[PDB]
Amino acid sequence: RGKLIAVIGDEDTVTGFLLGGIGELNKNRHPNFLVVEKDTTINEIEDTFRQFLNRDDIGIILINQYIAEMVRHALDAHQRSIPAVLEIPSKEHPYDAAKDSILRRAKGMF
Amino acid sequence: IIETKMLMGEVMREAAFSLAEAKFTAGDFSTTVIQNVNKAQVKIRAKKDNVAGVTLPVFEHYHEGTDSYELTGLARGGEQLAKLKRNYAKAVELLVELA
Amino acid sequence: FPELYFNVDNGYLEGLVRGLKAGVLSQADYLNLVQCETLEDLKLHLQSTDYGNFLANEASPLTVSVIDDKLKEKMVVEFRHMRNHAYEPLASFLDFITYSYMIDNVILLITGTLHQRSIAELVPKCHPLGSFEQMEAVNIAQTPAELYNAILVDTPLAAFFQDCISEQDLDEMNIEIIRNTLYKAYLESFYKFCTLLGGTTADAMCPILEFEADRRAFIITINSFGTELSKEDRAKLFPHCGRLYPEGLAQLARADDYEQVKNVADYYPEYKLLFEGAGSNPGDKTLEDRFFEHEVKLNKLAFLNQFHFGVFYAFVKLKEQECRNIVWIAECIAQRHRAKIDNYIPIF
């Protein structure tokens, strides 16, 4: 079977990847993304993250690097081998390796 | 991994700035994009390697043809929106590899 | 001609909107803004002009998205004020400005309703220049057919639908075909209105509205090449007002590559200079940037008269371009991408 990528992020980043063709609705009408409006609570972000990592259709989750640091508890607690998670930069937000949970494991890294 | 993150950062910054050019000529096109969703133009498949006696999971990028945003900004801004879709559509394939 | 009646109802509003026209950023003002290093400086520079206190009572960690909202907030408060103060000859004209926004708001309403979303969630996303007075369409929201009937009852737009789009068309056409088809009926209707307001209004408005009709035709053509739209669907969307209407409109509808579109622009020296003036190469001004630049050069001609409605429409489109300019400066500064900061359009 196939899988899809999913997004948790700001309106601009979500808009970008939607024109990049990322956007789809599950059969239950739920999207494969959350637009994190400034008014959104941490519980909506974390619930969406926990839904996306447990969902059958989603293979990869993309999280804006600043949102990844908000949801850091669940993001570091996620330790399944298959469903991947990516912390990504954005225009008013941090760089691509900020606190990165994978890079911090390696002995061979500089 | 380190090299792929280094590649991703600059492409993402260029894509994130390119959206401002669309926001200059196409107005708040973002609301129409976000509101109107049905089916993806790009999706993935899980795949394996068995090297050194162990199964390693990986992904490949696939394309479904149908542009669910084809007419967006037909009236104005469509030049910028055509650059914009291509920039994030390029970024996704590096994400699938990075994952 | 106009002076027999114009100042009787409009003399105050003319002096008001000309006052607001003095309150614009010159080239010399933009040549201050682009020098600064952060949104705190952008605030401190804009604070010196008519934008004073637009970022008062707001969060210290500024974002370009807040600057964008507070720039529009100024423009929409100034417009709603002029619309509340105007008498029916001007007020019907000011309403014709607002249709260009209500169309896009109706596109959201139809889009959300076709996805079964409650319209009450779309209300905060509607452009303030196109907000409705009658709300039963918004409150009911049950089905696309129910919304279409509620639109015809509640909305000023009802006449445009009856000329071009049935309920059955709304069920089948893409929302972007709807956007441009409503807009076709709109621009032609507003141009007809400006031809009926003869003399100085017609002579200030027709150069602009005839250019907007040509501008849609050019841009829709070059954007259609990669798409499922037929030559008939292009012809169905090109506005019939512009200088191209006798022939070039049909020639664009036949055309399917950029050179064939320039072969239309070659017959019209303004448009020949617009296409010649942009290859859209790396570091060039784009075709789109030249249309926005030229639209400003036309809007600047409105204030070279004294007694006509062309100033109100040109003013709205110039302050809209001022919002687009200051947002584009704010992006280039905030993202440090100074290489394209000069791409604002020098309004006055």
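Residues numbered from 1 in each chain as written, not as in the entry; some residues may be left out. Chains lettered and ligands numbered in written order. Part of a larger assembly, values for the part shown. Heavy atoms only, no water.

cryo-EM is the method the PDB entry states for this structure, with the resolution given as 3.8 Å.

Within the PDB entry, the label attached to chain B reads ATPase H+-transporting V1 subunit D, and the organism entered is Rattus norvegicus.

Per the PDB entry, the recorded name for chain A is V-type proton ATPase subunit F, and the organism is Rattus norvegicus. What UniProt states about chain A under its Sequence similarities heading is, verbatim, "Belongs to the V-ATPase F subunit family." (UniProt positions renumbered as here; feature names shortened; annotations may be inferred.)

Looking only at helices and strands, one finds three helices and two strands in chain B. When the elements of chain B are put in sequence order from the N terminus, they spell out α-α-β-β-α. In summary, chain B has a C-alpha radius of gyration of 17 Å against a globular reference of 13 Å for 99 residues, an excess of more than 25%. With the C-alpha coordinates aligned to their principal axes, the bounding extent of chain B is approximately 55 × 30 × 20 Å. Across the 99 residues of chain B, 53% fall into the buried class. Counting contacts in chain B only where the partners sit at least 6 residues apart, residues at least 24 apart contribute 59% of the total. By element, 51% of the accessible surface of chain B is carried by carbon and sulfur atoms, the whole surface being about 4900 Å². For chain B, the distance from the average position of its 13 positive side-chain charges to the average position of its 13 negative side-chain charges is 4 Å. (Helix = DSSP H or I, 4+ residues; strand = E, 2+ residues; numbered from the N terminus. Rg over C-alpha atoms; globule rule 2.2 N^0.38 Å. Buried < 20%, exposed > 50% of the residue type's maximum accessible area, 1.4 Å probe, protein only. Contact = heavy atoms within 4.5 Å. Areas by Shrake-Rupley, 256 points an atom, 1.4 Å probe, with all protein chains shown as cover. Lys, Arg positive; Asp, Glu negative; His and termini not counted. Charge placed at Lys NZ, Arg CZ, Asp CG, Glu CD.)

Attention now moves to the side chain of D68 of chain C. Of note, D68 of chain C is situated in helix α4 (residues 64-85). For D68 of chain C, a relative accessible area of 8% gives the class buried. When sequence neighbours within four positions are dropped, the list of residues in contact with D68 of chain C reads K23 and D28 of chain B together with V327 of chain C.

All names here are of chain A. Strand order in the open sheet made by the four strands is β2-β1-β3-β4, with parallel pairing throughout. The sheet terminates laterally at β2 (33-35) and β4 (84-88), the two strands that pair on one side only. Going from strand to strand, the sheet's axes swing by 20° on average, the running direction of each strand aside. Bridge analysis of strand β1 (residues 4-9) against strand β3 (residues 58-64) gives five bridges, and the strand direction is parallel. Within β3, the residue paired with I5 across the bridge is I60. (Pairing = 2+ DSSP bridges. Axes fitted to C-alpha atoms, helices over the stretch in contact; angles between N-to-C directions.)

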